[PDB]
């Protein structure tokens, strides 16, 4: 069994700390059950949380492995090997300019904004904001609700894909949480262990995750996606409940 989990609003509390899901992760770690973050966050944000690879960043844009992963794949980055699944940020940013032309209205994302500005929009510290700005694949859009339909049509018109992560829309090309999970499972050095995948998530960007795994659990505040298991409380209390009530039984 492998557990793939979203970070923001699933394994992380409202501020951005792992605290409340610590004992839940403890149990899995003690049972030797691999837990893999699959998140909209950047590699720099993930690293600051102290998390080790493997993990998947930027909505499936990038898969980061340990340098000594027994299956050779991706390119060296000192301590990592990186598998790129999506277009690079620079290319998305260029295609967004074309979209803005079509929409006839500015389309701003993090790349347009100062760290100070990002920090005010997101409630992050200035330093955390600099890390959220260090994007390699996916752009976070800052859109007015009234213009969303127009902007999203302009994205698709120029060949970009969009998704929504809880508070912000994102644009990318080839970044899908499900595709990245599928790749990692195929690169897993123990086929048996990767036979059964569990996926936990809370927003739109997690739908492709729920299709890529064998047991899907929704911990968001809405009602669950079609035929997906749900929990009594959202968030980390949801994560804890799922581990104790859905997973452990299957591991005994």
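Definition used throughout: the rigid core is the maximal C-alpha set that superposes within 1.5 Å between two forms. Numbering follows the first chain given and starts at 1.
Farther on average from this form in 8 other deposited structures of this protein lies stretch 19-27, the comparison being between 19-27 and 240-248 by RMS Cα distance after core superposition. Comparing 222-230 with 39-47 by root mean square Cα distance to the shown form in 8 other deposited structures of this protein, with the rigid core used for the fit, gives 222-230 as the more displaced stretch. Comparing 54-62 with 182-190, the stretch with the higher mean C-alpha B-factor in the PDB entry is 182-190. Here 169-177 and 75-83 are compared by their mean Cα B-factor, and 75-83 comes out higher. Set against one another, the Cα B-factors of 112, 146, 153, 136 in the record reach their highest point at 146. Residue 215: CA B factor lies in the middle third for its chain, per the PDB record. Annotation for residue 129: C-alpha temperature factor in the middle third relative to the rest of the modelled chain, per the entry. The deposited CA B-factor of residue 103 belongs to the highest third of values across its chain. Among the modelled residues of its chain, residue 45 has a C-alpha B-factor that falls in the lowest third, as given in the PDB entry. Remark: residue 35 belongs to the middle third of its chain, ranked by C-alpha B-factor as recorded.
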